[PDB]
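Heads up: the structure comes next, in structure tokens.
Backbone-built Cβ (ideal geometry, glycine too); neighbour counts: all protein chains shown. Please treat every number below as a calculation from the coordinates, not as lab data.
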Amino acid sequence: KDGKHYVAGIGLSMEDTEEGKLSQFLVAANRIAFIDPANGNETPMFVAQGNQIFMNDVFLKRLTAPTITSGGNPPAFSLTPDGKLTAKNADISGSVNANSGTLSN
Amino acid sequence: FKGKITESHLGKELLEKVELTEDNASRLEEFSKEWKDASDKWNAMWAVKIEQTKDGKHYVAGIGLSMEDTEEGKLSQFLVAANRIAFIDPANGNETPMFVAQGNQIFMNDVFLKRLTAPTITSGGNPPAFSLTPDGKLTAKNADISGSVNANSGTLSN
Amino acid sequence: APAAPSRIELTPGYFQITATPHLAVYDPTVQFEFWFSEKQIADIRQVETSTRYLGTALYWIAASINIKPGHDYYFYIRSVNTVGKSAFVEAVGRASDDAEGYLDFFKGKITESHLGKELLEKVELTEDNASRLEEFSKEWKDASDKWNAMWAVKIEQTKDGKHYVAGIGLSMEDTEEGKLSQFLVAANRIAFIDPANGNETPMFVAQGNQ
């Protein structure tokens, strides 16, 4: 288009390195979407586009994220790489072991 | 994204098509077509759409990669319409999947991230050990903080 | 008249809920009628009309794709005998949440499938330094007069007497409810890249269960 190129494609390959044969599945596309058509469903449940991934409810074993946000401007809760935890309320059924505290009441 | 996929070429190609109508009729299909649209520009798509009919109802599954022409430029789209998308690492003959997507749910093993934006986070369980809700609530069993706790109010037993 | 059960235990499981009752007074001559529901009904007299009839036994297990993890489902349990039915009692149950357990269940389900034994568990090629690509799309009828379809590209190689296999497959097979689709990718590195503006940095890399 107007002198600029656009290339997309999928590919499964098995190549060789000093260790042995390594397999690799690759998808180069601007938007990768997964859709479950059960009972005629059309809402995607995994859409990756522009270095961003949008997913529905997800089940996990271990997460390693240095930044976690609740969304919104003035987010509701947030954890940041400096160890900061920002929240609006907190119930703790046991003990709060802090090195310092500043409370109004 | 559902709307954008519906307003695409594969949305009415891999889906919205009702080929075959009688019971026990199954078609295996795979095409590779590039053609010029009404906008005098080329759109291309390669797809494997396999469909079956049972009790008068249609089950269609498919893989499809296309690139079409938007107003600003060419957009490429890879789509997988299936009831269960699974990724498996076969190293040393492993069969346990590491990414299973089914029914608007994604199950994964440990994952590394740069930034997460989730309103609800749960530890899993009847009474979750820890939880974070969109109303700003942090529920936990113990809280060890190496610095300062700056709060408007506090209610401690001891 | 038989009394309502004192307690109901519900063992969770991967896409499944167990249900066994227990009475304060033991009586082996009574059975239990079990009904399942997804949404709570305020009225109790129309549970028999608005809930699925799970069955009648001393205990039951409801295992289906419809039951999802992280969701609360309702069970209506009653005690019946030669005298008559008893009062209906509510119970709340959820499936398991362990992603490791669900991935083990999914490994079992994939192994108990046609692509599981197609892209894996095949020992084609035996000599060293031998490789083959094989792309096939076949539809065939099973012994149960149902049709199963599949399309798979499989790469296999041999080195120093060991087999390295990778594959990409899309299939729809027959299960006890009808037909179910599946898309399997077996490879040592699964990468998603956005090539806009000459970008090569992947935005999703799956490898080594990470």
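GNM on chain C, alpha-carbon springs under 10 angstrom: the most fluctuating residue among C:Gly84, C:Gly116, C:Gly93 is C:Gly84. Shape of region C:1-49 from its Cα gyration tensor (a ≥ b ≥ c, root eigenvalues): rounded if a/c is under 1.5, otherwise prolate when a/b > b/c, or oblate? Taking the square roots of the gyration eigenvalues as a ≥ b ≥ c, region C:1-49 is oblate.
For region C:141-210, what percent of Cα pairs sit more than 17 Å apart? That tail contains 64 percent of the Cα-Cα pairs. Only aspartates and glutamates eight or more places from A:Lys1 in sequence, or on another chain, were considered; those with a Cα closer than 16 Å are B:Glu34, B:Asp37, B:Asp40, B:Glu68, B:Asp69, B:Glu71, B:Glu72.
Within the same chain, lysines fewer than 8 places from B:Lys114 are excluded, and of the rest, those with a Cα less than 19 Å from its Cα are A:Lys61, A:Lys84. When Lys and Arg each count +1 and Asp and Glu each count -1, what net charge do the other residues less than 11 Å away from C:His71, Cβ to Cβ, add up to? Charge balance near C:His71 sits at -1. Size check on chain B: the Cα extents along the three principal axes, sorted descending, read 73, 42, 39 Å. Evaluated with a Cβ-only charge set (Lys, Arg +1; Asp, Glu -1), region B:63-139 carries a dipole of roughly 340 debye about its Cα centre, given to the nearest 20. Using C-alpha pairs under 8 Å with a sequence gap of at least 6, the mean separation divided by the residue count of region B:15-158 gives a relative contact order of 11 percent. Between 0 and 90 degrees, the angle of helix C:99-111 with respect to the longest Cα principal axis of chain C falls at about 70 degrees. Can you classify the protein assembly as shown as rounded, prolate or oblate using the Cα gyration tensor, where a ≥ b ≥ c are the square roots of its eigenvalues, rounded means a/c under 1.5, and otherwise it's prolate if a/b beats b/c and oblate if not? Oblate, since a/c reaches 1.5 and b/c is not below a/b.
Which of the GluC sites (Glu not before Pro) found in region A:16-105 are in a DSSP loop and have at most 14 neighbouring Cβ atoms, other than their own, within 10 Å? Numbers along the way, then the final one.
Numbers: sites: A:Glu18, A:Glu19, A:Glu42; in loops: A:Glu18, A:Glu19, A:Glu42.
Taking region A:16-105 and a limit of 14 other Cβ atoms within 10 Å, the loop GluC sites (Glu not before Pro) found are A:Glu18, A:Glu19.
Counted by Cβ distance under 13 Å from B:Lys33, the other residues give a net charge of -4, where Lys and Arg count +1 and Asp and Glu count -1. Across the options A:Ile92, A:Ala29, B:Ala61, the greatest Cα extent toward the positive end of the charge dipole of the protein assembly as shown (unit charges at beta carbon of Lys, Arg, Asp, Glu) belongs to A:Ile92. Mean silhouette area of region C:22-175, derived from the convex hull of its C-alpha atoms and averaged over all directions, reads 15.0 nm².
Pairs of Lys residues in region B:8-113, spaced 8 or more positions apart or belonging to different chains, with C-alpha separations under 22 angstrom: 19 in total. All other residues with a Cβ under 12 Å from the Cβ of B:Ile121 taken together, and with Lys, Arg as +1 and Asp, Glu as -1, what is their net charge? Its environment carries a net charge of 0. Within the listed set C:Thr51, C:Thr20, C:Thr126, the residue fluctuating most in the Gaussian network model of chain C (springs between alpha-carbon atoms under 10 angstrom) is C:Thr126.
Between C:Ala87, C:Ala191, C:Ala99, the residue with the greatest mean-square fluctuation in the GNM of chain C (Cα pairs under 10 Å linked by springs) is C:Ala191.
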